[PDB]
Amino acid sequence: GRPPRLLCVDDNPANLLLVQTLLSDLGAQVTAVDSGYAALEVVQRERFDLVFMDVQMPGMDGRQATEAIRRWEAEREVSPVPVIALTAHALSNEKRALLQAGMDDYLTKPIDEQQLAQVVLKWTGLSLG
């Protein structure tokens, strides 16, 4: 299959570089942005197969960024992109809030190639590495 086009969103530069490097080495075409504000702007510009969205970010958090994307998708009329929460905060009540905000799934930090590969396959049908 063709390489998946993936967006990674994280306010922690080390966390962002880690997920971006794992996905790029698995053969994905990766865009990486440092904020929810950037996530909205780049999802308007580019068509991604899937978005990895950090939850805790200042100003606009992951849930607010996903709501912004869902509002723009409905108003602009664009096929919805799968949004996967990728966070250190994934308790039962936090999971519920993420799905309520319009996210599709969640992974817990720290990430690994196996978790990324399986979630991309589940939601896009595209394989990695």
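We number the residues from 1 along the sequence you see.
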Which of 37 to 45 and 84 to 92 has higher mean CA B factor, as the PDB entry lists it: 84 to 92
Between 64 to 72 and 25 to 33 (mean CA B-factor, as deposited), the higher: 25 to 33
Cα B factor band for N15 (lowest, middle or highest third within the chain): lowest
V120 - which third its CA temperature factor falls in, relative to the rest of the chain: middle
